[PDB]
Amino acid sequence: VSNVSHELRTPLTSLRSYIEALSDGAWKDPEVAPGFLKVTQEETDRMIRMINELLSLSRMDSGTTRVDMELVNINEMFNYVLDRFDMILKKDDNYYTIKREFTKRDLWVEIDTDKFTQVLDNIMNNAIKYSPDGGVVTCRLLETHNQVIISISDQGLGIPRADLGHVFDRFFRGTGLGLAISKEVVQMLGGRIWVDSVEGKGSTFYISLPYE
Amino acid sequence: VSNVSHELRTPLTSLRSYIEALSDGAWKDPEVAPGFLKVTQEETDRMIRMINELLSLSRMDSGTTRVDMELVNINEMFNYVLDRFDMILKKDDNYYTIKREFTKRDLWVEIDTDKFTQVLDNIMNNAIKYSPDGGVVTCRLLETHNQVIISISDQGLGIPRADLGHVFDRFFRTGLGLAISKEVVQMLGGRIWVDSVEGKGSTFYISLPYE
């Protein structure tokens with residue numbers, strides 16, 4: 001599409017600029033060279049991600065993806081993920097807190113650990129990105145009906161109620177595929193994923209899993 | 001589809017390696033840094049081209065590509081392209097010759113100068129790259145029947161007659177230049193094809209409506 005290849009074109013040409021800058025001499029100058037190099041690094045990793053997600057949406061949707069399913073404890077799992085995010089957030093130069101509300105009963109669900117961790121990641125990420133003033137990101141885990149409900153909420157920028165359903169279609173606004181990922185994955189893990197937001201009260205992404 | 005994302009994945013991870021190398025300190029060292037940067041440069045430009053080709057087949061497949069058609073002199077045109085290639089080959093640190101045989105009647109055809117230039121380029125490229133022992137790349141331009149015939153030949157590695165037809169199918173060995181040229185020429189209302197004998201050589205033909 002004019003869309004995808006151009007959305008790949010952008011960081012490429014970006015990279016081209018920084019690289020050109022170094023090549024023409026910037027590499028010799030210590031005031032800019034590490035910095036420019038860092039930008040190049042980031043752009044590259046970004047593109048590898050975009051590529052990989054593109055690929056997973058090629059193999060998952062079209063649709064031959066071996067999904068490694070284990071009976072995992074989501075209490076621990078969610079705590080691991082949130083730990084990693086707390087670690088990235090505490091070494092920042094800006095500012096974010098993680099408000100955990102996990103039920104006191106240990107829950108076990110049939111999920112792919114790696115693919116679900118990539119889910120939780122993508123959603124936490126998109127949350128922090130739609131929360132410009134910072135503050136608290138709220139993460140809940142509790143059961144109902146034999147749904148295990150994970151919910152992740154930000155009190156940042158709202159989300160248009162006119163477009164609330166299409167957040168899960170490909171590239172709806174660090175890559176812009178994380179939602180497509182999580183939706184597809186969760187759907188495959190046999191759960192349901194959706195969003196509820198009031199502009200600009202805040203945003204909340206829901207995940208539901210078959211409990212037993 | 002996994003193919004495309006793998007052919008994009010490779011130079012990316014390449015880039016990652018070189019970039020990482022520099023970032024960890026290589027930039028401070030003058031013996032490797034210009035060189036590593038040259039690699040990064042090349043890989044990046046490469047990826048941009050691959051993107052563009054992908055995109056041109058995205059607009060061509062869906063036929064959403066306005067092809068800017070002019071009545072051009074292919075004699076001069078081919079001479080321009082071959083001039084550029086002669087400059088590229090003469091400013092090299094390695095070996096290649098351009099054998100021009102252009103008919104002495106000036107021919108004019110309805111073509112998109114730029115897209116046909118990318119054709120001639122892609123094919124000349126496939127010639128120079130597929131000529132491991134080096135030597136001469138042969139470029140002919142002559143009319144027949146009201147065909148304008150361009151032919152470009154290399155005396156390098158042959159091309160298997162068992163798979164000789166699929167050189168123009170998507171991603172047969174950036175790796176899309178052939179798909180480009182084929183599609184473009186078809187769109188310019190001409191015909192494109194290949195004839196090769198391993199390992200005598202390879203020869204790409206282009207035919208255009210002459211009048």
Query raised in the report: Could you say whether any residue in region A:110-122 is surrounded by fewer than 18 Cβ atoms within 10 Å (Cβ to Cβ) and touching a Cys at 6+ places or on another chain (Cβ under 8 Å)?
Result: no
Requested in this report: Mind listing whichever residues of region B:137-182 are of a type in the set (S, T, N, Q) and either within 22 Å of B:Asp83 (Cβ to Cβ) or out of contact with any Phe, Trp or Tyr (no Cβ under 8 Å at 6 or more places or on another chain) (or both)?
Outcome: B:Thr138, B:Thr144, B:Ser151, B:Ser153, B:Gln155, B:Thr174, B:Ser181
Query raised in the report: What are the residues in region B:47-94 that are hydroxyl-bearing (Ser, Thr, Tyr) and facing chain A (nearest Cβ under 10 Å), if any?
Result: B:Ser56, B:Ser58, B:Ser62, B:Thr64
Report summary line: Within region B:132-182, residues assigned to a strand (DSSP E or B), surrounded by 14 or more Cβ atoms within 10 Å (Cβ to Cβ) and not aliphatic (A, V, I, L, M) come out as B:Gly135, B:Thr138, B:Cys139, B:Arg140, B:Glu143, B:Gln147, B:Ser151, B:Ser153, B:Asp154
Query raised in the report: Given the conditions (1) part of a helix (DSSP H, G or I); (2) surrounded by 19 or more Cβ atoms within 10 Å (Cβ to Cβ); (3) over 19 Å from the mean Cα position of the chain (by Cα), and given that B:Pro34 satisfies all but one, which numbered condition is not satisfied?
Result: (2)
Report summary line: All conditions in (1) in contact with a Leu (Cβ under 7 Å, 6 or more places away or on another chain); (2) farther than 16 Å from A:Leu177 by Cα; (3) assigned to a helix (DSSP H, G or I) are true of A:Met77 except (1)
Query raised in the report: In region A:1-28, which residues are more than 7 Å from chain B (Cβ to nearest Cβ) and among the basic types (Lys, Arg)?
Result: A:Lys28
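Note: ideal-geometry Cβ built from the backbone for every residue, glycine included; neighbour counts use all protein chains shown. Read-outs throughout are calculated quantities, based only on the coordinates presented, and are distinct from any laboratory measurement.
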